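Keep in mind that the numbers below use all heavy atoms, side chains included, and drop hydrogens, waters and symmetry copies. Proteins get letters first, then strands, A, B, ... in listed order; numbering begins at 1 in each.
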Amino acid sequence: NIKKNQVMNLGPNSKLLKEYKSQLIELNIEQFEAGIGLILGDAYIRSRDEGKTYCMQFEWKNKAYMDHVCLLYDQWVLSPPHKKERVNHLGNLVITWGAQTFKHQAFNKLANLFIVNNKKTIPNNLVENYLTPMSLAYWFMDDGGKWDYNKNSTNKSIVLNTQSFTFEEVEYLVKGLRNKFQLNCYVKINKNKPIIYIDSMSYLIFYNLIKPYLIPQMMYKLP
DNA sequence: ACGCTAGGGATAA
DNA sequence: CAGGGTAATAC
DNA sequence: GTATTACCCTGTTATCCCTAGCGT
Ligand SMILES: [Ca+2]
Ligand SMILES: [Ca+2]
Ligand SMILES: [Ca+2]
């Protein structure tokens with residue numbers, strides 16, 4: 001069987017590469033569960049055909065996290081992250097790291113979880129039926145944060161920046177989180193957009209759910 | 001005075 | 001976060 | 001020549017974070 005090391009430098013159309021990809025059939029349990037959090041989060045799952053295959057594109061500032069993810073999707077990621085250095089309209093230099101997996105049908109499973117009546121969206125029962133503590137941990141490392149950033153604060157309330165979703169979508173996410181994890185949470189507004197507020201009352205619950213998956217360089221997001 | 005909000009910005013998506 | 005562009009293989 | 005496609009690249013902001021100042 002073809003070893004990843006054997007094709008991680010060939011052309012995208014290489015014969016050996018495709019043979020390699022045919023050795024792979026599906027994502028494992030982690031890759032899938034974390035996948036859910038990443039898609040709700042900062043990851044991007046796209047298809048260049050009509051849905052035959054999907055790949056995942058990653059871009060984050062924190063390099064340590066970018067590596068944790070790549071290492072997680074190891075078999076699916078041929079190259080190390082690429083340093084991206086761009087200039088703003090201001091003339092400032094912003095640095096970030098890029099990376100992605102190759103396309104493969106094994107990714108369709110994750111993608112279809114976010115497809116209804118043929119349009120990307122947030123299904124009503126996504127939380128209840130698929131979001132696991134691992135998924136939640138990754139959603140947090142991506143869009144999570146504190147409610148109160150003031151110095152010397154004691155409020156343990158957490159937040160999930162769901163600003164790119166519609167209020168209806170977030171309302172369903174909230175319902176799922178309350179029912180499945182008994183989390184005391186509710187939608188709030190920021191920039192006239194949806195964010196999830198999780199009362200400090202449930203911090204300890206929330207924390208123990210995701211603690212097994214967060215990494216050191218992400219612990220700063222917690223109160 | 002000060003804990004807490006919601007307002008707001010230069011990124012980090 | 002989304003999509004766009006292409007150097008590298010295949011036939 | 002035409003089909004493929006992973007690894008960059010660019011277009012654009014909704015992001016997460018900070019903090020002015022409201023309410024008490
Ligand atoms: Ca995000
Ligand atoms: Ca993030
Ligand atoms: Ca965004």
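The backbone N or O of A/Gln163 sits nowhere less than 3.5 Å from a side-chain atom of A/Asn161 that would complete a donor-acceptor pair. Within the 3.5 Å criterion, the main-chain N or O of A/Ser157 finds no donor-acceptor partner in the side chain of A/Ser200. A/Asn124 places no side-chain N or O within 3.5 Å of a backbone atom of A/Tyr172 that could act as its donor or acceptor partner. A/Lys180 places a side-chain N or O within donor-acceptor distance of the main-chain N or O of A/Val127, the cut-off being under 3.5 Å. A/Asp142 contributes a side-chain N or O that, together with a main-chain N or O of A/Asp42, makes up a donor-acceptor pair within less than 3.5 Å. Side-chain atoms of A/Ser153 come within 3.5 Å of backbone N or O of A/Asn155 as a donor-acceptor pair. The backbone N or O of A/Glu128 sits nowhere less than 3.5 Å from a side-chain atom of A/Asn125 that would complete a donor-acceptor pair.
One can place OH of A/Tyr44 at 18 Å from P of D/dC8, the figure rounded to the nearest angstrom. Rounded to whole Å, the distance from CG on A/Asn9 to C1' on C/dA8 is 12 Å.
For A/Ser164 and D/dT15, the shortest distance from a side-chain N or O to OP1 or OP2 is below 4.0 Å.
In terms of position along DNA chain C, the nucleotide closest to A/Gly41 lies nearer the 5' end than the nucleotide closest to the other residue of the pair A/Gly41 and A/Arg46.
A/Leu214 and A/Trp60 fall within the same hydrophobic cluster, where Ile, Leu, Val, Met, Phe, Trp and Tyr residues are linked whenever their side-chain heavy atoms come under 4.5 Å apart, directly or through other members.
Within the nucleic acid shown, A/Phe58 has no heavy atom closer than 4.0 Å to any nucleic acid atom. Backbone-only engagement by A/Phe102 is indicated by non-hydrogen atom pairs under 4.0 Å involving sugar-phosphate atoms exclusively. Within 4.0 Å of A/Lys193, counting heavy atoms only, lie sugar-phosphate atoms of the nucleic acid but no base atom. Contacts of A/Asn161 with the nucleic acid, taken as non-hydrogen atoms under 4.0 Å apart, include base atoms.
Checking D/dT15, B/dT11, C/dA2 against every side-chain atom of A/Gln57, the shortest atom distance belongs to C/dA2.
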Heavy-atom protein contacts under 4.0 Å, nucleotides 1-6 of chain B, coded B base, S sugar-phosphate only, - none: ---BB-
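Of the residues in residues 70-90 of chain A, those lying under 4.0 Å from DNA chain B by heavy-atom distance are A/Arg86, A/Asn88, A/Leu90. Proximity of residues 11-22 of chain A to DNA chain C (heavy atom under 4.0 angstrom from any strand atom) is restricted to A/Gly11, A/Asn13, A/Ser14, A/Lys15.
Within a 6.0 Å radius of CG in A/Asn208, more than 12 heavy atoms belonging to other residues, nucleotides or ligands are found.
With hydrogens and angles ignored, no donor-acceptor pair closer than 3.5 Å exists between the side chain of A/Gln100 and the base of D/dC7.
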